[PDB]
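Here's the structure we're looking at; comments come further down.
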Amino acid sequence: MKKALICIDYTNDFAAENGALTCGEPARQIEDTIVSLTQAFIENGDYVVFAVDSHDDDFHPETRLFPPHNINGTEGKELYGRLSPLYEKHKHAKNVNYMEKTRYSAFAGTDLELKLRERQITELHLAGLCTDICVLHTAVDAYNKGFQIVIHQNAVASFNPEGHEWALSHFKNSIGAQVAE
Amino acid sequence: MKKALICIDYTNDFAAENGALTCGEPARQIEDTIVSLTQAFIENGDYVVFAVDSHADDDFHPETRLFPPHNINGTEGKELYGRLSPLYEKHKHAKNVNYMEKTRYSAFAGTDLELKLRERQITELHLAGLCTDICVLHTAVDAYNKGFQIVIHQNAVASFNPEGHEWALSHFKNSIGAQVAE
Ligand SMILES: [Zn+2]
Ligand SMILES: [Zn+2]
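These protein sequence lines map, in sequence, to chains B and A.
The first sequence maps to residues 1 to 56, 59 to 183 in the authors' numbering.
The second sequence maps to residues 1 to 55, 57 to 183 in the authors' numbering.
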């Protein structure tokens with residue numbers, strides 16, 4: 001179908017050794033496949049959204067739960083590893099969108115759905131962090147919005163291995179997505 | 001602040017022994033707690049929504066072909082389980098009681114739940130029912146994105162998957178910021 005890739009929260013703070021909210025080894029371990037995945041989408045001309053947690059704010063629900071992270075302007079928010087130059091190489095491309103988000107789901111309070119419908123996109127490929135938090139919530143919205151969904155299981159990770167497994171099974175058995183190797 | 005209870009898919013098909021999609025005993029073991037909870041809300045005059053899956058002749062529904070028919074209209078599989086059924090029948094006339102059919106996992110999706118919550122100025126959403134890591138989870142994701150305070154009644158939710166159940170309760174507490182009440 002018409003395809004888009006949503007590349008979620010692959011930042012320093014979520015992957016880096018001293019990431020302010022780091023997921024650690026599982027997150028860095030996917031670096032190579034998510035970079036290839038994204039590059040491939042970009043080069044084939046498919047729509048690619050870098051959906052990135054963005055924080056300035060005692061009104062944000064997460065300020066109760068978590069340390070400061072993915073703060074606007076800081077190195078923690080930058081895309082991790084080889085994904086940062088991939089993006090910098092392509093940030094002007096028509097089929098590349100850098101989209102700041104304020105909740106776990108890439109859809110919530112954003113214009114992602116608007117952009118996807120403009121482009122008549124019908125299949126949404128999901129990659130990034132975490133499998134059972136931002137990828138999950140995104141997939142829940144995608145599901146309830148009627149999109150076909152592809153989870154790239156070697157391009158997602160979580161700190162919690164059980165959550166990771168649980169999520170992949172949820173995507174397969176409840177959401178009816180395709181979980182791709 | 002103003003409270004409502006969303007009592008999710010506590011039906012024969014999801015709880016009974018012979019249920020088309022039963023979670024089995026753990027769904028049956030919460031009957032007393034979920035009935036006491038729901039009755040407490042009803043009698044206190046708080047808003048209560050029985051949110052019930054209603055489907057399976059539509060090859061357009063994502064669920065058909067990929068799940069056996071369940072909570073089908075007219076069938077006693079759709080009936081509330083156990084003592085929840087006579088509680089509902091006794092109060093179904095009440096202004097603070099609503100029966101709401103839903104067609105996806107989340108109680109918000111394609112329903113007028115949010116409309117009704119706004120009208121009643123509900124600020125805090127209490128969730129109970131089945132399954133912890135499916136319908137309860139999807140309802141909670143939506144509730145979270147729509148800005149509600151969320152209370153999960155741990156002893157009034159259950160899943161057919163024990164690992165999913167535990168995972169979900171930590172998710173609600175730690176990611177969604179819900180109160181997980183015991
Ligand atoms: Zn954040
Ligand atoms: Zn169903």
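Idealized CB from N, CA, C, for every residue including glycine.
Q: Give me the Cα-Cα distance between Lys117 (chain B) and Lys3 (chain B), rounded to the nearest whole angstrom.
A: 12 Å
Q. Does DSSP put residue 185 (chain B) in a helix, a strand or coil?
A. The requested residue 185 (chain B) does not occur in the structure, where chain B is confined to residues 1 to 183.
Q | Limits of the unbroken beta strand (DSSP E) element including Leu138 (chain A) | A | Element bounds for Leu138 (chain A): not the beta strand (DSSP E) but the alpha helix (DSSP H), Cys136 to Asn146.
Q. Under a CB-based cut-off of 8 Å, is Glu164 (chain A) close to chain B?
A. yes
Q.
For the beta strand (DSSP E) containing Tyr100 (chain A), name the first residue and the last one.
A. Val98 to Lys103
Q | Close-in-space but distant-in-sequence residues of the same chain around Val181 (chain A) (CB under 7 Å, 5 per side omitted) | A | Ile153, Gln155, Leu170, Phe173 and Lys174
Q | As assigned by DSSP and simplified to three states, the class of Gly130 (chain A) | A | strand
Q) Smallest Cα separation from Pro87 (chain B): which of B:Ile6, B:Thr11 and B:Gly148? A) B:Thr11
Q: Examine the Cβ distances between the segment 90-97 of chain A and the segment 123-135 of chain B and report whether three or more of them are shorter than 8 Å.
A: no
Q: Decide if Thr140 (chain A) is buried, meaning its Cβ has at least 16 other Cβ atoms within 10 Å, or exposed.
A: buried
Q. For the alpha helix (DSSP H) that contains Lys93 (chain B), what are its first and last residues?
A. First-last for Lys93 (chain B): undefined, no H or E at that position.
Q: For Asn74 (chain B), collect the residues of the same chain with a Cβ closer than 7 Å to its Cβ; drop the 5 residues on either side in sequence, then sort them by chain order.
A: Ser54, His55 and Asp56
Q) Mind pulling the chain A residues with CB within less than 8 Å of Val35 (chain B)? A) Near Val35 (chain B) there are no residues of chain A at all, since even the closest Cβ is about 26 Å away, more than 8 Å.
Q.
For ligand 2, I want to know if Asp58 (chain A) counts as a neighbour, meaning its beta carbon is within less than 7 Å of at least one of the ligand's heavy atoms.
A. no
Q: Under 8 Å by Cβ, that's how I've got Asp13 (chain B) and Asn72 (chain B) pegged, so tell me the actual separation to the nearest angstrom.
A: About 5 Å separates the two Cβ atoms, so the contact holds.
Q: For ligand 2, list every residue whose C-beta falls under 7 Å from any of its heavy atoms, going in chain order.
A: A:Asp53, A:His55, A:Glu64, A:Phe68, A:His71 and A:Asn72
Q: Report buried or exposed for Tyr82 (chain A), applying the criterion of at least 16 other Cβ atoms within 10 angstroms of its Cβ.
A: buried
Q. Under 9 Å Cβ-Cβ, which residues of chain B neighbour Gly178 (chain A)?
A. Under the 9 Å cutoff, chain B gives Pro63, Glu64, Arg66 and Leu67.
Q) Taking all protein chains shown into account, do 16 or more other C-beta atoms lie within 10 angstroms of the C-beta of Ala40 (chain A), making it buried, or fewer, making it exposed? A) exposed
Q.
Check this for me: beta carbons of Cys7 (chain B) and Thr38 (chain B), under 8 Å apart or not?
A. Yes, Cβ-Cβ distance for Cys7 (chain B) and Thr38 (chain B) is below 8 Å.
(Q) When you compare the CB positions of residue 185 (chain B) and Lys147 (chain B), do they come within less than 8 Å of one another, or not? (A) In the structure as shown, chain B begins at 1 and stops at 183. Residue 185 (chain B) is therefore absent and cannot be evaluated.
**Q.** Same chain, Cβ closer than 6 Å to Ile135 (chain B), neighbours up to 5 away in sequence not counted
**A.** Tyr106
Q: Can you have a look at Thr65 (chain B) and say buried or exposed, based on whether 16 or more other CB atoms are within 10 angstroms of its CB?
A: exposed
Q) To the nearest whole angstrom, what separates the beta carbons of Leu138 (chain A) and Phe68 (chain A), a pair I think is in contact under 8 Å? A) About 17 Å; that fails the 8 Å criterion.
Q) Is the CB of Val142 (chain B) under 8 Å away from at least one CB in chain A? A) yes
Q.
What would DSSP say about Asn156 (chain A), mapped onto helix, strand or coil?
A. strand
Q: Determine, using beta carbons only, whether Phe161 (chain A) and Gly24 (chain A) come nearer to each other than 8 Å.
A: Yes. Within cutoff.
Q. On the three-state DSSP scale, how would you describe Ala110 (chain B)?
A. coil
Q: Out of A:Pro26, A:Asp60 and A:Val98, point me to the one whose CA is closest to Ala159 (chain A)'s CA.
A: A:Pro26
(Q) In the DSSP output, what is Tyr10 (chain A) paired with across the bridge? (A) Its beta-bridge partners do not exist; DSSP assigns none.
Q.
My output table needs one value for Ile151 (chain B): the three-state DSSP class, helix, strand or coil.
A. strand
Q) Looking at C-alpha atoms only, which residue of B:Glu31, B:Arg119 and B:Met1 is the closest neighbour of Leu131 (chain B)? A) B:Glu31
Q | Whole-angstrom C-beta distance between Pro63 (chain B) and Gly178 (chain A), which should lie under 8 Å | A | 6 Å
Q: Going by DSSP, name the residue or residues bridged to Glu31 (chain A).
A: None; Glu31 (chain A) has no bridge partner.
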